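Here is the structure we will look at, set down as structure tokens.
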Amino acid sequence: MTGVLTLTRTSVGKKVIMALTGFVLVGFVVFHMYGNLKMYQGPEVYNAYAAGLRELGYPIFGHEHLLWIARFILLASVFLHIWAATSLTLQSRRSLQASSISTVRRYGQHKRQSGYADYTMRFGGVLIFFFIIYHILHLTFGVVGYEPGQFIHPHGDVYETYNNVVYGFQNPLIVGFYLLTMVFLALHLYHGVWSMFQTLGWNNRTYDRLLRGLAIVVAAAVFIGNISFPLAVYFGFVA
Amino acid sequence: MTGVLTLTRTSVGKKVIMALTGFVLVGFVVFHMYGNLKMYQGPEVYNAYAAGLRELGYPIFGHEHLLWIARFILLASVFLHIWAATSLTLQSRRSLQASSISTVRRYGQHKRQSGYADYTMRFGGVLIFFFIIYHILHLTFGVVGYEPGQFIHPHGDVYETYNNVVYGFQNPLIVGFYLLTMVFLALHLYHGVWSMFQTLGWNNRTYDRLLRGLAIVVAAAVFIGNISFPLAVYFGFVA
Amino acid sequence: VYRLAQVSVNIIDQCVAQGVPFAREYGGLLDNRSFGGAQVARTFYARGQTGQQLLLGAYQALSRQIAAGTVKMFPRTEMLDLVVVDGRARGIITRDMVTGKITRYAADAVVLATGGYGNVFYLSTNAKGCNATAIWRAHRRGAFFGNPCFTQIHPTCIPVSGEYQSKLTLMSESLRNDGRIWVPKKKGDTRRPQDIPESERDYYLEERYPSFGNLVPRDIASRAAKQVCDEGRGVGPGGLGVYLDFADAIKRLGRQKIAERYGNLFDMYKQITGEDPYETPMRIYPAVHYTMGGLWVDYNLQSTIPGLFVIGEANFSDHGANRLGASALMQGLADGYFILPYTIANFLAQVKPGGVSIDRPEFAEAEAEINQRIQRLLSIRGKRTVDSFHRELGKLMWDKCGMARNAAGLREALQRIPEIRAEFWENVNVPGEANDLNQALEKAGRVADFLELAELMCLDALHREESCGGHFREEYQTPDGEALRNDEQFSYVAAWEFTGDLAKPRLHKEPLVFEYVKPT
Amino acid sequence: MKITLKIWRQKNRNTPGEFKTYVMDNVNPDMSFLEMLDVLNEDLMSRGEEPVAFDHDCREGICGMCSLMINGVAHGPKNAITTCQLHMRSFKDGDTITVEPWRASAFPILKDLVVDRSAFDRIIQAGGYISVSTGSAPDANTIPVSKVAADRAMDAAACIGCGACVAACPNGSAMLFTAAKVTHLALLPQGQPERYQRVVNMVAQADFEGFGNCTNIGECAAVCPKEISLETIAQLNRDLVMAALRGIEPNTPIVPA
Amino acid sequence: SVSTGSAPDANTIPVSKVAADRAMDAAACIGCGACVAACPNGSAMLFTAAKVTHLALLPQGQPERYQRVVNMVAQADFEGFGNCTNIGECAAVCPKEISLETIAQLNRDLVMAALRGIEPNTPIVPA
Ligand SMILES: CCCCCCCCCCCCCCCCCC(=O)O[C@@H](COC(=O)CCCCCCCCCCCCCCC)COP(=O)(O)OCCN
Ligand SMILES: CCCCCCCCCCCCCCCCCC(=O)O[C@@H](COC(=O)CCCCCCCCCCCCCCC)COP(=O)(O)OCCN
Ligand code: HEM
Ligand code: HEM
Ligand code: HEM
Ligand SMILES: CCCCCCCCCCCCO[C@@H]1O[C@H](CO)[C@@H](O[C@H]2O[C@H](CO)[C@@H](O)[C@H](O)[C@H]2O)[C@H](O)[C@H]1O
Ligand code: SF4
Ligand code: SF4
Ligand code: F3S
Ligand code: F3S
Ligand code: FES
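If you read the sequences in order, they're chains C, I, G, H and B.
In terms of the entry's author numbering, the first sequence has 120 at position 120, counting the first letter as 1, and numbering is strictly consecutive.
In terms of the entry's author numbering, the second sequence has 96 at position 96, counting the first letter as 1, and numbering is strictly consecutive.
Just remember that the entry's author numbering sits 132 ahead of the position in the third sequence, which is counted from 1.
In terms of the entry's author numbering, the fourth sequence has 104 at position 104, counting the first letter as 1, and numbering is strictly consecutive.
Just remember that the entry's author numbering sits 130 ahead of the position in the fifth sequence, which is counted from 1.
Take a look at the structure:
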């Protein structure tokens, strides 16, 4: 009687919401890795890409209009994603608490045969949340991880995104944090790119292997690019 | 047996044709208000938008090609819309000629309960037709409502659309005509945005309130923008 | 009866195929509910308008045949006479109810499906236009009335607010399964019914009739109600009504479940009367609901007149002395769909098509009779209205030939009916013209036929010296108040023949034999 | 109650009508509106005047005969009821009530308040049925109809054919009646085989009979005695769009006999 | 929701052989609960999905399927089961080899029911 908003009523509907938001977030992650691949072209190309993100369709759309629409869509997707993930994590925790040997163990010898997707997904999701916060504070705003006099904020229509990236991955702690988050995001994609198709019902025996391979390809590409960026910056390949 | 052209055979089919053409025209009206919102950005931004409308997709598309396609689509939509509106208006007029106390009165008392969406739609449609004719003759061609030496025509790739807007809404008669047309177009949108979903059958109990709210939002935004433009120009906020 | 019960299944199949929105279960299959007093759930229903959906399916089939050109529909046209040519019903004489035009139609067969005559009692549950004009004209033309005194009533009907009202809205008779029938003990009580204490409430049907507790049969309970209202109680607007109270049921059962059982009924009662039955007791009063009588028909649904077939409530047919619930719809659909198409074909195959046109002398005589009757009705210009005479006739028939009948009362009614008929034909006011939309003329004709039919009804009630079903004689009843049949002398169908004298019709007994269901 | 009535009085279709004023000194609040009209008719007959003619058979809000525009609203001020179901307690002492017939080109006026509503019959005749003959029906339980679909089809099928939707529609359109029948037949599996033809034919008939178009105003649902929703009109619109996609052409319209 | 005595003839509604085979694959569920036990979330998604797929694949379960799935899913939420992370351990340990395509079918049914605005009924309270 509420319509599509009846999805919030069931756990399966919450997983459908997470599947749609994860579709949006996987698209953004792939496009963001593709955009950040331009740092190897040079500071000019990377800064041109940064400036053109804001001028997306400028002759028709005002400055930062499409960028702000995308930012709002991303914020809504990530908020729905985290809300549904927290709800379902708490539901599964309650489902496990009553019958359990301990608060850290369920069975005496439980043997997993279909992977450890729950552990990796939940822990990596928490890590990705913290990393997104630290990332927006780090590269978008420059208020963390920067010595005084290294971050150049976008003034007017000239961008120093390349300089910010080069001076960002200098502290090995930040590089290690980015690398760990990229490992857990690689696991996140490796499971979720197939899991969103399975959660929406767009899966069967024939396409199961194809969707698993697509998830593997997406996760591998994103992982390789997103660990190439900070390692190249820290080791001196991008300067 | 003639296919979709059978829509022309029935009054409901004419109403469906009007629903589709009104989808097109509502999209154009919203995009037009969004584009004209750049007068407050400045003359440079407004003239850049005017030039980029013609130079749309230029690396792949010729000059004014996409604009001429859009103009042809708009002309077809508005001609089908006006034709079907006239046909349905004449049919509904014939439906009341025989049984009516007068040629201006149907009942000696008719308390209405669901609104007045037949006086507003038809009268505002006639007003919008006349306004579109006058507006094309006014701002597109500058052959009416302009003192000599006040209107500048597109010269090559330079555009003086901002100057035309500033010198157009100087006579308060033009401002009043525009404001009245915007009031009746606000009524048109407030009814038709929902009525075109109802006409195509994309409506039910759950989404009726949602479509009503969407129609209200669209009408309010279009009305506010399209009355802000000439009032600001006439009062001196845009000069 | 066996044919009706046998074709009921085809009736339901046809109704489902036609798109009648019967109640369905969650699995997609049909849902059955039980009537009052029925031991099986054999009833298929729409929510509360099953008759509406059945007639809508039949009307959609009729509209399909009208579009196909096989059926010519003549709405707002009232058949005023039957034309019998060479002993066969070979046409009808009708009047257009808008233009007033008298038309003559000739046919190879004539079917009378004009419903019952329950409006001979002025106060009834039937539609305002229901009449007995067609069947009475056929009876005067040669058709035999089979048991004209067999009338069914409804126990629960919303009473009238004054002498102006002539229709009692039918409420479901399951309302007596959860209510208590009473009237104030004092004859004149100005207190509110809910303010009347329990000791001062005359809970009749409980103080009297201890047997059949809270499930007294409709006939006994309604006779008690009419006796109570005739003694003078003043509970209703005119004193005609009894309190069916739901207060103790609401206190006992959950008000939510009582709502789930009687919500539509309570809403309709509050709309009609302006009183909520959740706080005040509701008022009910008996009204004549059905007529199991009508023109006698044989197994082929054909009347005494060859070529005249009577179907539905207009014939006697399958209901005997009491119509079961959901049987009038069943009988009508059976006759229309699965019986008459066979029997009318059987009749028509033995006769030559055509041969009779509307220029025959019989058509002229019938048309002249109809025109003279209409002109006489319009020319009386008396001081009394048509509804006044109909009200007098209905009150006399309800008091004398209603749920309680006796020889003295029936003789009094047989004396009074000719007097009322003479007063009608000398002192009735029918305004307007014949060639116009004269509703008063339609009412005048219907009441003119009713005044003749009521005499035959009273004569049949007097002749049947027994009680069976709806027909109740006070001289023949069990100590419990039930009907007491005389199967030795009255086990037959009484078909009455019009002899030209309204007070002396000829009785024809059609003996009844029961080889399968033994009388008990 | 003292009640003033401005009643439309028209001698016939050709004669132009006028409003006539009738004062009722005593009106019972429990008395129905049609009962008050009957009392006025008796008073007129006693005074020698011509009684007011109006349509009425069942007086239960089921048949659909009653058709009165009372004080500007079809079937009276109260919604979800008919003229017969309207009682004088809905009015106040000294009130003026304007009684009118249906005003539509396809609904000719025959008398004071009587209206010719055969255009609805011709709309039904133009495919508002399931073309099943007698004796060919399968078993009643052969085709499963879901309870929700049956409930919606009964909501649509509960249409008494009063024509108040045409009367209160500013365009004089039969959209609600046609939509109700189309939705009733379309929601059942028995109405599927000819549904996309049926709607087109029915819509064409409503155009041929002389009804207006649907501006989606919604007065029809406001004054409908049976609370038939605009979802029926949306269902008809979907069916007509789908039939246009299938190239369904309307048949020859049903000509009056 | 079919009562006794109202059933039509057994051959009235044709069920395709592949649909019957899939519905028998889903219907072959012994209710052991090993899917809940091996699922790291303790979810009954395999059992509920098997029943939903069994009834949805036959023409007799069509009238009430989009309600049923929602109700069944809601009941699994009310009874105290976890959510499906699509791990697939339940199908690994299932004695009758119920595939994860049953869970995909349930997901499709629930999405379609949400598109229809299907509201779960009141949960079945333990007696
Ligand atoms: C359909 C909805 C459309 C959106 C409507 C809401 C959005 C617009 C209104 C609210 C925002 C206010 C816009 C006003 C313009 C702000 C931007 C601006 O002026 O540009 C500054 C750019 O500043 C920013 O950083 C702009 C804000 C963008 C950062 C926020 C990132 C959000 C991330 C979203 C995704 C979250 C993660 C989920 C996906 C993984 C310029 O910097 P500066 O030179 O003034 O620097 C300070 C002086 N040194
Ligand atoms: C899929 C179909 C594609 C389209 C095919 C047909 C259309 C193209 C062929 C017919 C038109 C060809 C015209 C080619 C030249 C037009 C450009 C041109 O001449 O440029 C001038 C601009 O010319 C115009 O302005 C031409 C008219 C364009 C405006 C037409 C308005 C159309 C409105 C349509 C919507 C109507 C309302 C419905 C929506 C509410 C520049 O100014 P000027 O040199 O004339 O300056 C004069 C100095 N004294
Ligand atoms: C970079 C942004 C993110 C992307 C691209 C992403 C992608 C995905 C995808 C595609 C799924 C599968 C959804 C499904 O099976 O229907 C998923 C599941 C999940 N994500 Fe995310 N996610 C992101 C951020 C987060 C964050 C910030 C959290 C934690 C707050 C999180 C926690 C989870 C959890 C717990 C699940 C699985 C829950 C379950 O399957 O029952 N994710 N993710
Ligand atoms: C090591 C790989 C990455 C690099 C080099 C990188 C680089 C950048 C840079 C330079 C910015 C600032 C540009 C801007 O704010 O508009 C940025 C913003 C952003 N990044 Fe990343 N990023 C990486 C990984 C990620 C990942 C994995 C995510 C998703 C979880 C992500 C999400 C974002 C978001 C949401 C913004 C803000 C976008 C905006 O403000 O418009 N980034 N990134
Ligand atoms: C670009 C400007 C216009 C827009 C955006 C617009 C939009 C709409 C929309 C969306 C509808 C509802 C259609 C439906 O319910 O299916 C509508 C109805 C209508 N429009 Fe327009 N319209 C515009 C200009 C006009 C013009 C120029 C006329 C005629 C002179 C007109 C006359 C009408 C009429 C008469 C109706 C409803 C008629 C009926 O339902 O009987 N409009 N309009
Ligand atoms: C600026 C250009 C637009 C304005 C100029 C065009 C205006 C012309 C329309 C005026 C009315 C004539 O419009 C004409 O209406 C008639 C009947 O009303 C329609 O006639 C047709 O459809 C109607 C139902 O809608 C039925 O009677 C029948 O199926 C057929 O006659 C024609 O298909 C349409 O062409
Ligand atoms: S749709 Fe409603 S208002 Fe119209 S005829 Fe049917 S019942 Fe009357
Ligand atoms: S493990 Fe398999 S058989 Fe056992 S309950 Fe779960 S789905 Fe059914
Ligand atoms: S009021 Fe009129 S516009 Fe359509 S919805 Fe009803 S017929
Ligand atoms: S193993 Fe568990 S996570 Fe879901 S797919 Fe099966 S219930
Ligand atoms: S008289 Fe039958 S609906 Fe009113």
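Don't be surprised by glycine CBs; every beta carbon is placed ideally from N, CA and C.
Could you tell me if residue i is buried or exposed, where buried requires 16 or more neighbouring beta carbons within 10 angstroms of its beta carbon?
i	result
residue 3 of chain I	exposed
residue 79 of chain C	exposed
residue 68 of chain I	exposed
residue 257 of chain B	exposed
residue 644 of chain G	exposed
residue 116 of chain I	exposed
residue 154 of chain B	exposed
residue 1 of chain I	exposed
residue 31 of chain H	buried
Just to confirm, does residue i get its C-beta within under 6 Å of one of the non-hydrogen atoms of ligand 2?
i	result
residue 205 of chain C	no
Answer yes or no: does any C-beta atom of chain B fall closer than 7 Å to that of residue i?
i	result
residue 160 of chain G	yes
residue 157 of chain G	yes
residue 292 of chain H	With chain H covering only 1 through 257, there is no way to say anything about residue 292 of chain H.
Comparing the C-beta of residue i with each C-beta of chain H, is any distance below 7 Å?
i	result
residue 506 of chain G	no
residue 517 of chain G	yes
Would the C-beta of residue i count as close to ligand 9, meaning under 6 Å from any of its heavy atoms?
i	result
residue 210 of chain H	no
Any heavy atom of ligand 11 inside 6 Å of the beta-carbon of residue i?
i	result
residue 61 of chain H	yes
residue 56 of chain H	yes
Please list, in chain order, all residues of the same chain as residue i whose beta carbon is under 7 Å from its beta carbon, the five residues on each side excluded.
i	result
residue 230 of chain H	218, 221
residue 244 of chain I	Missing from the structure shown is residue 244 of chain I; chain I here goes from 1 to 239 and no further.
Determine whether the Cβ of residue i lies closer than 7 Å to any Cβ atom of chain G.
i	result
residue 193 of chain B	yes
residue 92 of chain H	no
Is residue i near ligand 7, with its Cβ less than 6 Å from a heavy atom?
i	result
residue 233 of chain H	no
Can you check whether the C-beta of residue i is within less than 7 Å of a C-beta belonging to chain C?
i	result
residue 314 of chain I	No answer is possible for residue 314 of chain I: the residues shown for chain I start at 1 and end at 239.
residue 244 of chain B	yes
For residue i, is the beta carbon positioned less than 6 Å from some heavy atom of ligand 4?
i	result
residue 256 of chain B	no
Hey, does residue i have any beta-carbon neighbour from chain I nearer than 7 Å?
i	result
residue 217 of chain H	yes
What do you reckon, is the C-beta of residue i under 6 Å from a heavy atom of ligand 1?
i	result
residue 74 of chain C	yes
Counting only the same chain and skipping the five closest in sequence on each side, list residues whose C-beta sits under 6 Å from that of residue i.
i	result
residue 152 of chain B	187
Under the criterion of a Cβ to heavy atom distance below 6 Å, does residue i qualify as lining ligand 5?
i	result
residue 202 of chain B	no
The segment 6-23 of chain I in contact with the segment 50-58 of chain C per 3-pair CB rule at 8 Å:
no
Give a yes or no on contact between the segment 113-124 of chain H and the segment 195-214 of chain H, applying the rule of three or more CB pairs nearer than 8 Å.
yes
Across the segment 485-497 of chain G and the segment 234-253 of chain G, are there enough close Cβ pairs to call them in contact, namely three or more that are closer than 8 Å?
yes
The segment 511-528 of chain G touching the segment 249-256 of chain G, judged by at least three CB pairs closer than 8 Å:
yes
State whether the segment 29-37 of chain C contacts the segment 137-145 of chain C, with contact taken as three or more CB pairs (one from each stretch) at a distance under 8 Å.
no
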